[PDB]
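Okay, so here's the structure we're looking at.
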Amino acid sequence: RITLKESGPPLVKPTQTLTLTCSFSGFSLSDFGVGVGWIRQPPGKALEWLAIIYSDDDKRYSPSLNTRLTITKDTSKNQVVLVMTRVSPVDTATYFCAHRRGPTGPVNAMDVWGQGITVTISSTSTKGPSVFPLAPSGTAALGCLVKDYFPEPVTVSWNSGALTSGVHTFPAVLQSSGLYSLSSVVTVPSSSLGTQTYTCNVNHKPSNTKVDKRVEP
Amino acid sequence: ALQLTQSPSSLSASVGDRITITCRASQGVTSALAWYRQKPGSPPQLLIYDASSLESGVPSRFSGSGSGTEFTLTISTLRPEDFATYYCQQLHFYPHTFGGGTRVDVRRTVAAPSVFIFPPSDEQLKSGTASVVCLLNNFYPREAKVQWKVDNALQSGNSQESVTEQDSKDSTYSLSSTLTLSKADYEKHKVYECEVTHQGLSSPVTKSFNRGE
Amino acid sequence: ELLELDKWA
């Protein structure tokens, strides 16, 4: 049936321009009333409407983003394009393009969405993480602070995979510096603190950086 | 612009439950309202269009009614796959607004978090920064409040936190908060406190440590 | 607002 797919750069620098493409199939921007819109979603936020373009080249944008967006269509390539200028870190989000049915009720909705593309705005370059210990002291907790890496993602395991119960690897946060910081903790029995050894295995492939950090009191 | 208010914003349920959810428009949008279910990692999925019509392929349990300014989405018997976030969108006026969303998670008994505070490492102090993190382990519901305090001064704008997904086996959440200071500032103070507020705690819990003690 | 009406309204 109808399927759409967004493409472009997952990483963009503040100020630079973001160009995204929506490639679809199963329909054509030639069928009268058909629309293709753009919707974005900041990590942990709600959906935000961006713009819509129809078969006649009819166009509409978000009043708030109006002087920063330009939407077009190529009916030969069956693609829609969105240009967003002077992006800042608040533009980091997942961008979705979608299909809108045309006059045959059913135009009142976006019926088919692409899976979206994650774009991150950072003035940063690839960088490996520094791995710090979160020392412990009934249930006890300990962990690893995987700080200042770029870009995502990073992998963490405990005791070379042999430890999975009680583990909680949290979602990374984008610090104001442009670098990520993530936390991984495992909860255990205080009595095991002195005989068992806990080591987190950190792997940031983007920078070819591997660290094994043993953690104790 | 046209504001769409979704209610409730978050809601907990169990399989086989009957739930109804609402979306209020500040202005009449006729029947031009759509409902979407969005599972984590997955994009929005059309359930209801034109406010009351079930989208082809969508389970019959979903239903929608409303017109003008009031709209509701009902799930007669909710399934495991219905634990997601729901949104309403109006396509009557430009721009085409979306509501803030209703997050539907799994109910389990109220569990207070286990709290742990982690002083920064000596190795990181050299970098010139000090990160102290606070752990809230296995709690429910999801709302928790973390307040950082250095020598009883309330910290603001210098901490970041992230929450895990609701656990598959025990339906709990876990949170991590990080307070970032400069090495100099960390060494200028003594008490580091992480205060946690949450439904399972009658009174707010505080975990602290004195920097050189 | 003097809010614009959608293409199909």
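Backbone-built Cβ (ideal geometry, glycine too); neighbour counts: all protein chains shown. Just so it is clear, none of the values below were taken in a lab; they were calculated from the coordinates.
Report the trypsin sites (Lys or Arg not before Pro) located in the stretch A:75-104 that are in a DSSP loop and have at most 12 other Cβ atoms inside 10 Å of their Cβ, or state none.
A:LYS77, A:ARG86
Karplus-based coupling profile of the stretch A:160-170, in residue order and whole Hz: 6, x, 5, 10, 10, 7, x, 7, 9, 9, 7, with θ = phi - 60° in 6.51 cos²θ - 1.76 cosθ + 1.60 and x standing for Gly or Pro. Taking Cβ atoms as reference points and 11 Å as the exclusive limit, the residues near B:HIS189 contribute a net charge of 0, counting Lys and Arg as +1 and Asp and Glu as -1.
Geometric descriptor of the stretch B:85-213, per residue, is 164 Å³ (volume of the convex hull of the Cα atoms).
Sorting B:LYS183, A:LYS73 from the fewest to the most surrounding beta carbons within 10 angstrom yields B:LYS183, A:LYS73. If I take all pairs of Cα atoms in the protein assembly as shown, what percentage of them are more than 27 Å from each other? For the protein assembly as shown, the fraction of Cα-Cα distances above 27 Å is 59 percent. Rounded to the nearest 20, the Cβ-based charge dipole of the protein assembly as shown about its Cα centre (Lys and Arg +1, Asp and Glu -1) stands at 440 debye. Computed from backbone phi, the HN-Hα couplings of the stretch B:198-210 come to 6, 2, x, 9, 4, 10, x, 8, 10, 10, 9, 7, 9 Hz, rounded to whole numbers (Karplus: 6.51 cos²θ - 1.76 cosθ + 1.60, θ = phi - 60°; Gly and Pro given as x). Here the stretch A:124-217 is treated with +1 on each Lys and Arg Cβ and -1 on each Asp and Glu Cβ, and its dipole about the Cα centre works out to around 140 debye. Given +1 at the Cβ of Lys and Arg, -1 at the Cβ of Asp and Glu and no other charges, the dipole of chain B around its Cα centre is 180 debye to the nearest 20.
Per-residue mean of foreign Cβ neighbours for A:9-20 is 0 (Cβ atoms of other chains, 10 Å radius).
I need the trypsin sites (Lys or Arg not before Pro) found in the stretch B:12-51, filtered to DSSP loop residues with at most 16 other beta carbons within 10 Å of theirs. Those satisfying the criteria are B:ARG18. Distance from the Cα centre of the stretch A:1-80 to that of the stretch B:141-181, in angstrom? Rounded to whole Å, the Cα centres lie 36 Å apart.
Distance distribution P(r), the stretch A:124-217, all Cα-Cα pairs, bin width 10 angstrom from 0: 17, 50, 25, 8, 0 percent. Here the Karplus curve 6.51 cos²θ - 1.76 cosθ + 1.60, taken at θ = phi - 60°, turns the phi angles of the stretch A:57-67 into couplings of 5, 5, 9, 8, 10, 7, x, 5, 10, 2, 8 Hz, with x standing for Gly and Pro.
Of the residues B:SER63, B:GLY101, A:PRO9, the one whose Cα sits farthest towards the positive end of the charge dipole of the protein assembly as shown is A:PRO9 (charges of +1 on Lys and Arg Cβ, -1 on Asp and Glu Cβ, taken about the Cα centre). Exposure proxy ranking for B:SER7, B:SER174, A:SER55, A:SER76, based on other Cβ atoms within 10 angstrom of each Cβ and starting from the fewest, stands as A:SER76, B:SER7, A:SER55, B:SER174. Fewest neighbouring Cβ atoms within 10 Å first, the residues B:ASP185, A:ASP56 line up as A:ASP56, B:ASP185.
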